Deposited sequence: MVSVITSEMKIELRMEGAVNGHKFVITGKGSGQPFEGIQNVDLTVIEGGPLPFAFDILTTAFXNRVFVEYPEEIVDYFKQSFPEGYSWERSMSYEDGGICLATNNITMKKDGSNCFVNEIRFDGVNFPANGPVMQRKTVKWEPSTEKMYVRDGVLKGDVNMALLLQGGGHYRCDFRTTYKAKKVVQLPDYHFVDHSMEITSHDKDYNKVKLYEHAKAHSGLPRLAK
């Protein structure tokens, strides 16, 4: 393992949603062993975003999960080479997003992760919560981690809290591919809890916070 308790984050995201192109960059940092990260985002091309910013935030690194010793940590072993993930996000009204992230060490040697993120979304109804920007936050969640074909899969049932109560459900299916041979975990869970801690009125500037911890289910 090549991970410090204090680490930086740099990221660039390039995407379109319902055809609307956009670019976002972010500088942040976090504590890989506490499972905590912060990031400051800026919409550098394509703002104000027509859609709810919340659909983006999950694309903005499972290195930042506090793993107990008794569970193998696919992610912390993948470095310095890194890993990537690819994800699908099926919303219950037919809307869907794919996203990919390639995560590696900054080439200058320093304590920083570089993230290359692609994000694409189609079929959101013009009148649904995403297009109408009526989302409040993602609820905390529990991702389920298991192995297939010698790589790691994680599936989570996600839910957006809507304005005036009510939830809007989304199913995630992620694949994690380490850039080198690493020890493979047994079935386990990761609790996540992510929230937007600050944003300007049109979400051109957004600060994001996640806390994440792994476990192996009820005794």
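- Residues 1 to 2, 63, 223 to 226 of the deposited sequence, counted from 1, carry no C-alpha coordinates in the model.
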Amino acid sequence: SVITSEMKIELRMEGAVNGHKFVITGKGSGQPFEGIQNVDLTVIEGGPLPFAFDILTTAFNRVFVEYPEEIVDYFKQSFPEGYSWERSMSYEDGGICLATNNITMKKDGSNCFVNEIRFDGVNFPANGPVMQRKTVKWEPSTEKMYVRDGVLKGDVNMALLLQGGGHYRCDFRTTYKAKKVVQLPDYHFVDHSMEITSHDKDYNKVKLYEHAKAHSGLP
From here on, numbers count along this sequence of modelled residues.
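- Between 192 to 200 and 6 to 14, it is 6 to 14 that carries the larger average Cα temperature factor according to the deposited entry.
- When the two stretches 172 to 180 and 150 to 158 are set side by side, the higher mean Cα temperature factor goes to 172 to 180.
- Note on the listed residues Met89, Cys112, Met131, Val122: the highest Cα temperature factor in the record is that of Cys112.
- When the Cα B-factors of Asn101, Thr104, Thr135, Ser141 are read from the PDB record, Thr104 comes out highest.
- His211: CA B factor in the lowest third of modelled residues in this chain (values from the PDB entry).
- The entry lists a Cα temperature factor for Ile44 that places it in the highest third of the chain's modelled residues.
- Ranked by Cα temperature factor within the chain, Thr58 sits in the middle third according to the deposited record.
- In this PDB entry, the Cα temperature factor of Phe79 sits in the top third of its chain's modelled residues, the highest group.
- In the PDB entry, a CA B factor belonging to the middle third of its chain's modelled residues is recorded for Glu116.
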